[PDB]
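Only one structure is covered here, and it is reproduced in the block below.
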Amino acid sequence: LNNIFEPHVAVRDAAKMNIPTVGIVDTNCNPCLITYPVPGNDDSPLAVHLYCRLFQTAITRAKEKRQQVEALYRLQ
RNA sequence: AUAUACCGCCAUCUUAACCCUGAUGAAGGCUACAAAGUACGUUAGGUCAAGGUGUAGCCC
Ligand SMILES: [Mg+2]
Ligand SMILES: [Mg+2]
């Protein structure tokens, strides 16, 4: 949601451009166009910090996994 | 004599594209503590005094 409590225009724009979307959807949000909605609290700093930590860890681990798989493939 | 011959000079008057919204209607698109917007003619004009080119008049 944007600062007038309406959906972020980027949701509809990404749907138009066929870009998958992951999203934290609170009880007052619209999850219809988010490809992978995640119901949860988006206001408390603890929840937002947890979301950031989880996503950062997942992305970093995925990139490291790709690099080590490529290294193993090159070695073998 | 003629600018009521022309110039020279003064003066008069006329006169692109793109992207979104509306159910893809005419149509619309902004908020910064940001909410779709970005890329010349005219005149029986004057002036031959600090300028010129012609044209006609008269020649017991
Ligand atoms: Mg909320
Ligand atoms: Mg005159």
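Here is how names work: the chains are called A, B, and so on, in the same order as the sequence lines, proteins then strands, and each is numbered from 1.
Under the 5.5 Å and 30° stacking definition, the step from B/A50 to B/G51 does not qualify as stacked. Judged by ring-centre distance under 5.5 Å and interplanar angle under 30°, strand neighbours B/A44 and B/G45 are not stacked. Base stacking of B/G22 on B/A23: absent by the 5.5 Å centre and 30° plane cutoffs. Neighbours B/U38 and B/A39 stack on each other, since their six-membered rings have centres under 5.5 Å apart and planes tilted under 30°.
Boundaries of the chain A contact region on RNA chain B are B/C20 to B/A36, first to last in 5' to 3' order (nucleotide atom under 4.0 Å from a heavy atom).
Contact annotation for A/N3: backbone-only contact, meaning every heavy-atom pair under 4.0 Å involves sugar-phosphate atoms and none involves a base.
Comparing the same atom, P, in B/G8 and in B/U14 gives a spacing of 24 Å after rounding to whole Å. B/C60 and B/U4: their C1' atoms are spaced 35 Å apart (whole Å). B/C59 sits 24 Å from B/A5 when the P atoms are compared, rounded to a whole Å. For the P atom pair drawn from B/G46 and B/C7, the interatomic distance equals 15 Å after rounding to whole Å. Distance noted for atom P between B/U31 and B/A39: 14 Å (whole Å). Separation of the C1' atoms belonging to B/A23 and B/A27 is 15 Å when rounded to the nearest angstrom. Nucleotides B/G28 and B/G22 place their P atoms 16 Å apart, quoted to the nearest Å. Taking atom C1' in both B/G57 and B/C13, the straight-line distance is 37 Å, to the nearest Å.
Judged by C1'-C2'-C3'-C4', the furanose ring of B/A11 adopts a north pucker. A positive value of the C1'-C2'-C3'-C4' dihedral assigns B/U53 to the north, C3'-endo side. For B/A5, classification of the furanose by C1'-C2'-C3'-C4' yields a north pucker, on the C3'-endo side. A positive value of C1'-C2'-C3'-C4' puts the sugar of B/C7 in the north, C3'-endo-like family. A positive value of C1'-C2'-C3'-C4' puts the sugar of B/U55 in the north, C3'-endo-like family.
For the criterion of Watson-Crick or G-U wobble pairing, both bonds shorter than 3.5 Å, the nucleotides B/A32 and B/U15 do not count as partners. Between B/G41 and B/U53 there is no Watson-Crick or G-U wobble pairing whose two distances both come in under 3.5 Å.
The glycosidic torsion of B/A39 lies within 90° of 0, which places this base in the syn conformation. Regarding the sugar-base torsion, B/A56 falls in the anti class, its angle being beyond 90° of 0.
Residues A/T21 and A/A14 approach most closely at CG2-CB, 3.7 Å, considering heavy atoms. For A/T35 against A/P20, the heavy-atom pair with the smallest separation is OG1-CA, 3.6 Å.
Checked against salt bridge (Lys or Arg N to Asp or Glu O under 4.0 Å), A/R61 has no partners two or more places apart in sequence or in another chain. A/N18 pairs by the side-chain contact (heavy atoms from CB on, under 4.5 Å) definition with nothing, not counting sequence neighbours.
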Name the atoms and distances for all side-chain donor-acceptor pairs under 3.5 Å in residues 46-54 of chain A, with sequence neighbours left out.
| from | atom 1 | to | atom 2 | distance (Å) |
| --- | --- | --- | --- | --- |
| A/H49 | ND1 | A/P45 | O | 2.5 |
| A/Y51 | OH | A/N41 | N | 3.3 |
| A/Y51 | OH | A/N41 | O | 2.9 |

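Across all strands shown, B/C59 has no partner, as no Watson-Crick or G-U wobble contact with both distances under 3.5 Å is found.
For residues 66-75 of chain A, the set of pairs meeting the side-chain hydrogen bond (donor to acceptor under 3.5 Å, both in side chains) definition, not counting sequence neighbours, comprises A/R66-A/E70. A salt bridge (charged side-chain N to carboxylate O under 4.0 Å, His left out) check over residues 28-50 of chain A, counting only residues at least two apart or in different chains, returns nothing.
Side-chain contact between A/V11 and A/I34 is present, with heavy atoms from C-beta onward closer than 4.5 Å.
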